[PDB]
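The data block below is query00.pdb; it holds PDB, C-alpha atoms and all ligand atoms.
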ATOM      1  CA  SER U 638     -58.535   6.280 -54.902
ATOM      2  CA  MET U 639     -58.240   3.932 -51.919
ATOM      3  CA  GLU U 640     -57.186   5.747 -48.743
ATOM      4  CA  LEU U 641     -56.538   4.513 -45.181
ATOM      5  CA  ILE U 642     -58.363   6.682 -42.626
ATOM      6  CA  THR U 643     -58.298   6.474 -38.831
ATOM      7  CA  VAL U 644     -61.702   7.223 -37.274
ATOM      8  CA  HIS U 645     -62.284   7.663 -33.498
ATOM      9  CA  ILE U 646     -65.734   6.718 -32.161
ATOM     10  CA  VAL U 647     -66.893   7.078 -28.577
ATOM     11  CA  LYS U 648     -69.360   4.390 -27.590
ATOM     12  CA  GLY U 649     -72.538   6.141 -26.430
ATOM     13  CA  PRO U 650     -75.351   4.880 -24.143
ATOM     14  CA  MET U 651     -76.982   3.392 -27.299
ATOM     15  CA  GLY U 652     -73.709   2.023 -28.762
ATOM     16  CA  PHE U 653     -71.339   3.220 -31.507
ATOM     17  CA  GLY U 654     -74.072   4.064 -34.072
ATOM     18  CA  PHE U 655     -73.272   1.807 -37.049
ATOM     19  CA  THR U 656     -73.760  -1.710 -38.446
ATOM     20  CA  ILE U 657     -71.319  -3.989 -40.380
ATOM     21  CA  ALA U 658     -71.431  -6.889 -42.875
ATOM     22  CA  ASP U 659     -68.980  -9.123 -44.869
ATOM     23  CA  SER U 660     -66.883  -7.600 -47.706
ATOM     24  CA  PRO U 661     -67.632  -9.208 -51.091
ATOM     25  CA  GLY U 662     -63.849  -9.441 -51.742
ATOM     26  CA  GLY U 663     -63.176 -11.224 -48.440
ATOM     27  CA  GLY U 664     -60.855  -8.608 -46.878
ATOM     28  CA  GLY U 665     -63.039  -8.137 -43.772
ATOM     29  CA  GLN U 666     -66.189  -6.274 -42.670
ATOM     30  CA  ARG U 667     -67.618  -3.209 -44.324
ATOM     31  CA  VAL U 668     -69.726  -0.548 -42.647
ATOM     32  CA  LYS U 669     -73.262  -1.472 -43.742
ATOM     33  CA  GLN U 670     -75.263   1.391 -42.260
ATOM     34  CA  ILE U 671     -74.630   4.472 -40.192
ATOM     35  CA  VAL U 672     -77.609   4.269 -37.839
ATOM     36  CA  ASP U 673     -76.303   7.493 -36.208
ATOM     37  CA  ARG U 676     -71.463   9.741 -33.112
ATOM     38  CA  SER U 677     -69.818   7.927 -36.005
ATOM     39  CA  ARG U 678     -69.186  11.272 -37.720
ATOM     40  CA  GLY U 679     -66.071  10.337 -39.698
ATOM     41  CA  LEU U 680     -67.254   6.863 -40.804
ATOM     42  CA  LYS U 681     -68.980   6.203 -44.157
ATOM     43  CA  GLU U 682     -71.049   3.338 -45.529
ATOM     44  CA  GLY U 683     -68.825   0.886 -47.472
ATOM     45  CA  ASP U 684     -65.684   1.597 -45.371
ATOM     46  CA  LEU U 685     -63.647  -1.602 -45.053
ATOM     47  CA  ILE U 686     -62.596  -2.120 -41.400
ATOM     48  CA  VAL U 687     -58.887  -3.019 -41.500
ATOM     49  CA  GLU U 688     -58.058  -2.469 -37.782
ATOM     50  CA  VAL U 689     -59.787  -1.978 -34.394
ATOM     51  CA  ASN U 690     -57.531  -0.195 -31.848
ATOM     52  CA  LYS U 691     -54.534  -0.471 -34.218
ATOM     53  CA  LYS U 692     -54.761  -4.206 -34.418
ATOM     54  CA  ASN U 693     -55.637  -5.917 -37.707
ATOM     55  CA  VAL U 694     -59.108  -7.580 -37.823
ATOM     56  CA  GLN U 695     -59.251  -8.593 -41.510
ATOM     57  CA  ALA U 696     -59.084 -12.342 -40.698
ATOM     58  CA  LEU U 697     -61.889 -12.120 -38.162
ATOM     59  CA  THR U 698     -65.434 -13.096 -39.031
ATOM     60  CA  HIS U 699     -68.509 -10.982 -38.793
ATOM     61  CA  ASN U 700     -69.473 -12.459 -35.401
ATOM     62  CA  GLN U 701     -66.021 -11.874 -34.008
ATOM     63  CA  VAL U 702     -65.910  -8.224 -34.987
ATOM     64  CA  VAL U 703     -69.381  -7.676 -33.640
ATOM     65  CA  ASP U 704     -68.535  -9.265 -30.277
ATOM     66  CA  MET U 705     -65.319  -7.166 -30.086
ATOM     67  CA  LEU U 706     -67.467  -3.951 -30.397
ATOM     68  CA  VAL U 707     -70.151  -5.249 -28.027
ATOM     69  CA  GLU U 708     -67.632  -6.036 -25.290
ATOM     70  CA  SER U 709     -65.928  -2.619 -25.598
ATOM     71  CA  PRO U 710     -66.774  -0.814 -22.403
ATOM     72  CA  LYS U 711     -69.467   1.818 -21.956
ATOM     73  CA  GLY U 712     -68.197   5.305 -22.674
ATOM     74  CA  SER U 713     -64.810   4.203 -24.052
ATOM     75  CA  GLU U 714     -63.446   5.028 -27.476
ATOM     76  CA  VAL U 715     -62.562   2.631 -30.225
ATOM     77  CA  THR U 716     -60.269   3.516 -33.154
ATOM     78  CA  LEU U 717     -60.853   2.027 -36.538
ATOM     79  CA  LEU U 718     -58.485   2.029 -39.521
ATOM     80  CA  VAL U 719     -60.709   1.873 -42.633
ATOM     81  CA  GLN U 720     -60.032   1.588 -46.347
ATOM     82  CA  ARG U 721     -62.238   4.083 -48.236
ATOM     83  CA  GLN U 722     -62.719   4.802 -51.898
ATOM     84  CA  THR U 723     -62.269   8.601 -51.892
ATOM     85  CA  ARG U 724     -63.005   9.063 -55.642
ATOM     86  CA  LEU U 725     -65.933  11.547 -55.696
TER      87      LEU U 725
HETATM   88 ZN    ZN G   1     -59.801   9.640 -29.982
HETATM   89 ZN    ZN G   2     -74.477  -9.257 -37.066
END
What does this structure look like when you write it as structure tokens?
Ligand SMILES: [Zn+2]
Ligand SMILES: [Zn+2]
Amino acid sequence: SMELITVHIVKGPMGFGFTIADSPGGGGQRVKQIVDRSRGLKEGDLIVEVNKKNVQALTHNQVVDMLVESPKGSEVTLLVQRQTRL
């Protein structure tokens, strides 16, 4: 089933440890790859919010720049939609 999950990720010296790309259904960005830190995130997670604010209407470049600009050593929260069917 589709669940909403809050995940906390501390930005490390090498970044947050994941990559994103556009959702085929147009509801935002999905987690493309977990390059790592991002322990509660999963590939395919739809990013619905960053720091409790909705980001579904933002483009790929906008979400990326939001993460890039987030300060060194600070945490970001993400609300994600995840298919939890095993
Ligand atoms: Zn936290
Ligand atoms: Zn990109």
If the PyMOL selection byres (((chain U and resi 713-718) around 8) and not hetatm) were run on this exact file, what residues would it hold? Put them as a PyMOL selection string. chain U and resi 641-648+686-691+709-712+719-720
Quick one, how far is CA of residue 685 in chain U from CA of residue 652 in chain U?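 Taking CA of residue 685 in chain U and CA of residue 652 in chain U, their separation equals 19.5 Å.
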Name the residues that the PyMOL selection byres (((not hetatm)) within 12 of (chain G and resi 2)) pulls out of this structure, and write them as a list in words. residues 655, 656, 657, 658, 659, 666, 667, 668, 669, 670, 698, 699, 700, 701, 702, 703, 704, 705, 706 and 707 of chain U
Residue nearest residue 696 in chain U - candidates U:684, U:663, U:650, U:671, atoms counted: only C-alpha atoms: U:663
Output of the PyMOL selection byres (((chain U and resi 724) around 10) and not hetatm), listed as a list in words: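 Applying the expression gives residues 638, 639, 640, 721, 722, 723 and 725 of chain U.
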Keeping only C-alpha atoms, take the residues you just selected and write them out as a compact mmCIF listing (two decimals), in the frame of the given file.
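And here's again-v2.txt as it stands now:
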# COMPACT_ATOMS: atom_id res chain seq x y z
CA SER U 638 -58.54 6.28 -54.90
CA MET U 639 -58.24 3.93 -51.92
CA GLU U 640 -57.19 5.75 -48.74
CA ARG U 721 -62.24 4.08 -48.24
CA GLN U 722 -62.72 4.80 -51.90
CA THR U 723 -62.27 8.60 -51.89
CA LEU U 725 -65.93 11.55 -55.70
So what do you get for CA of residue 680 in chain U versus CA of residue 651 in chain U, distance-wise?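 If I compute the distance from CA of residue 680 in chain U to CA of residue 651 in chain U, I get 17.0 Å.
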